[PDB]
Amino acid sequence: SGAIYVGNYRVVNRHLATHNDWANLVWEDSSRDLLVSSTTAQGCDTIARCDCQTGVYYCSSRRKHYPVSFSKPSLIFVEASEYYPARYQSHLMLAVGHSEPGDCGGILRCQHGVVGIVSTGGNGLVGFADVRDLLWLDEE
Ligand SMILES: CN(C)S(=O)(=O)c1cccnc1
Ligand SMILES: [Zn+2]
């Protein structure tokens, strides 16, 4: 579990979005595993605006943050998990690391701020849903 809190926006994994998220929907994309809802209180996070390929992510199934190198966002085949069938996922970054289903929502960060959230795992990789292209998160 986990979210990004930027301005008056909550960014969550689409598959973990709540009824209240859907009732306060700003934007969602199944292909990216992302949903954004509106919040009453302003949040503490800053979104990265960059093309970094090094950062640190939180792994809840290890209670640990890990430094990783990751691929630039692309359109990648993902094998079946407990929460999605085998399918193509867009705007996905991969690194070598540990990721189980419950790790979804952990933050990946670089020197510029939040890069994305854990969205995939298995076979010794961790996959992150990028948010750095979503410039509208910084305003309005
Ligand atoms: C839609 N994209 C912006 S993406 O990140 O899924 C992508 C797709 C193809 C090549 N490189 C990146
Ligand atoms: Zn960066």
# chains A, B, ... in the order shown; residues from 1 in each chain; ligands from 1

$ closest_atom_pairs --of "chain A" --to "ligand 2" --cutoff "7 Å" --atoms "only C-alpha atoms and all ligand atoms" --output "tab-separated table"
residue	atom	partner	partner_atom_place_in_ligand_line	distance
A:48	CA	ligand 2	1 (Zn)	5.5
A:49	CA	ligand 2	1 (Zn)	6.4
A:50	CA	ligand 2	1 (Zn)	4.7
A:51	CA	ligand 2	1 (Zn)	6.0
A:52	CA	ligand 2	1 (Zn)	4.3
A:110	CA	ligand 2	1 (Zn)	4.7
A:111	CA	ligand 2	1 (Zn)	5.2
A:112	CA	ligand 2	1 (Zn)	4.4
A:113	CA	ligand 2	1 (Zn)	6.6

$ write_last_selection --atoms "C-alpha atoms" --output "PDB file, in the first residue's frame"
ATOM      1  CA  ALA A  48      10.416  14.952  -9.848  1.00  0.00           C
ATOM      2  CA  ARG A  49      10.663  16.672 -13.290  1.00  0.00           C
ATOM      3  CA  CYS A  50      13.693  14.973 -14.834  1.00  0.00           C
ATOM      4  CA  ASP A  51      14.998  11.874 -16.725  1.00  0.00           C
ATOM      5  CA  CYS A  52      16.985  10.369 -13.815  1.00  0.00           C
ATOM      6  CA  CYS A 110      15.487  10.766  -6.959  1.00  0.00           C
ATOM      7  CA  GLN A 111      17.314  14.012  -6.155  1.00  0.00           C
ATOM      8  CA  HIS A 112      14.362  15.970  -7.772  1.00  0.00           C
ATOM      9  CA  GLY A 113      11.538  14.281  -5.739  1.00  0.00           C
TER      10      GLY A 113
END

$ residues_near_ligand --ligand "ligand 1" --cutoff "6 Å" --atoms "only C-alpha atoms and all ligand atoms" --output "VMD selection string"
chain A and resid 73 to 75 90 to 91

$ write_last_selection --atoms "C-alpha atoms" --output "compact mmCIF listing (two decimals), in the first residue's frame"
# COMPACT_ATOMS: atom_id res chain seq x y z
CA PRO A 73 9.32 4.49 -18.82
CA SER A 74 8.12 2.18 -21.65
CA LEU A 75 5.37 -0.23 -22.80
CA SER A 90 2.49 1.55 -20.19
CA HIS A 91 4.79 4.18 -18.56

$ residues_around --residues "segment 95-107 of chain A" --least-positions-apart "4" --cutoff "8 Å" --atoms "only C-alpha atoms" --output "PyMOL selection string"
chain A and resi 1-4+12-13+57-61+68-71+81-83+114-122+124-127

$ write_last_selection --atoms "N, CA, C and O atoms" --output "compact mmCIF listing (two decimals), in the first residue's frame"
# COMPACT_ATOMS: atom_id res chain seq x y z
N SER A 1 0.83 -1.19 0.00
CA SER A 1 0.00 0.00 0.00
C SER A 1 0.87 1.25 0.00
O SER A 1 2.09 1.17 0.32
N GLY A 2 0.27 2.35 -0.34
CA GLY A 2 0.91 3.66 -0.32
C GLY A 2 0.41 4.58 -1.39
O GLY A 2 -0.20 4.15 -2.36
N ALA A 3 0.62 5.88 -1.18
CA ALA A 3 0.15 6.94 -2.08
C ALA A 3 1.18 8.05 -2.15
O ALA A 3 2.04 8.17 -1.24
N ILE A 4 1.03 8.89 -3.16
CA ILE A 4 1.69 10.20 -3.27
C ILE A 4 0.66 11.26 -2.92
O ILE A 4 -0.45 11.24 -3.53
N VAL A 12 -2.61 6.96 -6.34
CA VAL A 12 -2.62 5.58 -5.86
C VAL A 12 -2.54 4.63 -7.04
O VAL A 12 -2.86 5.01 -8.18
N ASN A 13 -2.16 3.41 -6.72
CA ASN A 13 -2.34 2.30 -7.70
C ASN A 13 -3.83 2.17 -8.02
O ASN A 13 -4.62 2.04 -7.10
N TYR A 57 13.97 3.27 -3.62
CA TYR A 57 12.54 2.92 -3.40
C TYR A 57 12.28 2.19 -2.07
O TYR A 57 13.22 1.59 -1.51
N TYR A 58 11.08 2.31 -1.57
CA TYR A 58 10.66 1.65 -0.33
C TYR A 58 10.00 0.31 -0.65
O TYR A 58 9.00 0.25 -1.43
N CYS A 59 10.50 -0.72 -0.01
CA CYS A 59 10.03 -2.12 -0.08
C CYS A 59 9.39 -2.56 1.26
O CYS A 59 10.15 -2.97 2.19
N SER A 60 8.07 -2.54 1.34
CA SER A 60 7.37 -2.81 2.61
C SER A 60 7.63 -4.27 3.06
O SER A 60 7.71 -4.52 4.27
N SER A 61 7.86 -5.22 2.15
CA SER A 61 8.00 -6.66 2.47
C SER A 61 9.42 -6.90 3.02
O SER A 61 9.73 -8.04 3.40
N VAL A 68 18.50 1.93 -6.36
CA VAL A 68 18.34 1.17 -7.64
C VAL A 68 18.66 2.03 -8.84
O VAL A 68 18.51 3.28 -8.80
N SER A 69 19.10 1.37 -9.89
CA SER A 69 19.07 1.89 -11.28
C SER A 69 17.80 1.35 -11.93
O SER A 69 17.42 0.20 -11.67
N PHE A 70 17.15 2.14 -12.75
CA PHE A 70 15.89 1.76 -13.42
C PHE A 70 15.87 2.22 -14.86
O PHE A 70 16.50 3.24 -15.23
N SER A 71 15.11 1.47 -15.65
CA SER A 71 14.90 1.79 -17.09
C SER A 71 13.96 2.99 -17.24
O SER A 71 13.18 3.28 -16.36
N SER A 81 -0.18 -11.45 -12.01
CA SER A 81 0.03 -11.23 -10.56
C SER A 81 -1.28 -11.55 -9.84
O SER A 81 -2.30 -11.85 -10.52
N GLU A 82 -1.31 -11.42 -8.52
CA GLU A 82 -2.56 -11.68 -7.77
C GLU A 82 -3.64 -10.64 -8.12
O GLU A 82 -4.82 -10.94 -7.90
N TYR A 83 -3.31 -9.49 -8.74
CA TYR A 83 -4.25 -8.35 -8.93
C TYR A 83 -4.44 -7.96 -10.40
O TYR A 83 -5.38 -7.16 -10.71
N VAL A 114 9.66 12.79 -6.07
CA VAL A 114 9.01 11.48 -6.27
C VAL A 114 8.97 11.19 -7.77
O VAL A 114 8.43 11.99 -8.56
N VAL A 115 9.52 10.05 -8.16
CA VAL A 115 9.53 9.54 -9.58
C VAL A 115 8.29 8.70 -9.90
O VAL A 115 7.74 8.79 -11.04
N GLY A 116 7.84 7.89 -8.97
CA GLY A 116 6.74 6.96 -9.24
C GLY A 116 6.41 6.09 -8.04
O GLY A 116 7.00 6.31 -6.96
N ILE A 117 5.57 5.07 -8.23
CA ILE A 117 5.19 4.14 -7.12
C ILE A 117 5.34 2.69 -7.63
O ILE A 117 5.15 2.41 -8.83
N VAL A 118 5.66 1.80 -6.70
CA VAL A 118 5.75 0.36 -7.05
C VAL A 118 4.42 -0.10 -7.64
O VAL A 118 3.33 0.21 -7.07
N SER A 119 4.48 -0.81 -8.76
CA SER A 119 3.27 -1.33 -9.43
C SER A 119 3.42 -2.80 -9.87
O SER A 119 2.38 -3.46 -10.04
N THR A 120 4.63 -3.31 -10.08
CA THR A 120 4.82 -4.73 -10.51
C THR A 120 5.94 -5.41 -9.73
O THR A 120 6.77 -4.70 -9.12
N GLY A 121 5.98 -6.72 -9.79
CA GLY A 121 7.08 -7.50 -9.21
C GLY A 121 7.16 -8.88 -9.80
O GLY A 121 6.56 -9.11 -10.85
N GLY A 122 7.91 -9.75 -9.14
CA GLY A 122 8.20 -11.13 -9.58
C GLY A 122 9.48 -11.25 -10.38
O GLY A 122 10.00 -10.26 -11.00
N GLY A 124 12.54 -11.37 -9.66
CA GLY A 124 13.69 -10.56 -9.26
C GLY A 124 13.68 -9.12 -9.74
O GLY A 124 14.70 -8.48 -9.59
N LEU A 125 12.58 -8.62 -10.33
CA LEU A 125 12.42 -7.22 -10.73
C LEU A 125 11.37 -6.53 -9.85
O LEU A 125 10.43 -7.18 -9.33
N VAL A 126 11.52 -5.21 -9.77
CA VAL A 126 10.46 -4.31 -9.26
C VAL A 126 10.14 -3.30 -10.36
O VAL A 126 11.06 -2.79 -10.99
N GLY A 127 8.85 -3.13 -10.65
CA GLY A 127 8.32 -2.21 -11.65
C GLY A 127 7.64 -1.02 -11.00
O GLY A 127 6.92 -1.24 -10.04

$ closest_residue --among "A:109, A:63, A:87, A:10" --to "residue 28 of chain A" --atoms "only C-alpha atoms"
A:10

$ closest_residue --among "A:47, A:76, A:92, A:86" --to "residue 132 of chain A" --atoms "only C-alpha atoms"
A:47

$ closest_residue --among "A:42, A:53, A:37, A:30" --to "residue 11 of chain A" --atoms "only C-alpha atoms"
A:37

$ closest_residue --among "A:133, A:54, A:27, A:8" --to "residue 67 of chain A" --atoms "only C-alpha atoms"
A:54

$ closest_residue --among "A:46, A:129, A:80, A:36" --to "residue 21 of chain A" --atoms "only C-alpha atoms"
A:36

$ atom_distance --atom1 "atom CA of residue 66 of chain A" --atom2 "atom CA of residue 108 of chain A"
9.3 Å

$ atom_distance --atom1 "atom CA of residue 138 of chain A" --atom2 "atom CA of residue 65 of chain A"
25.6 Å

$ atom_distance --atom1 "atom CA of residue 20 of chain A" --atom2 "atom CA of residue 128 of chain A"
23.9 Å
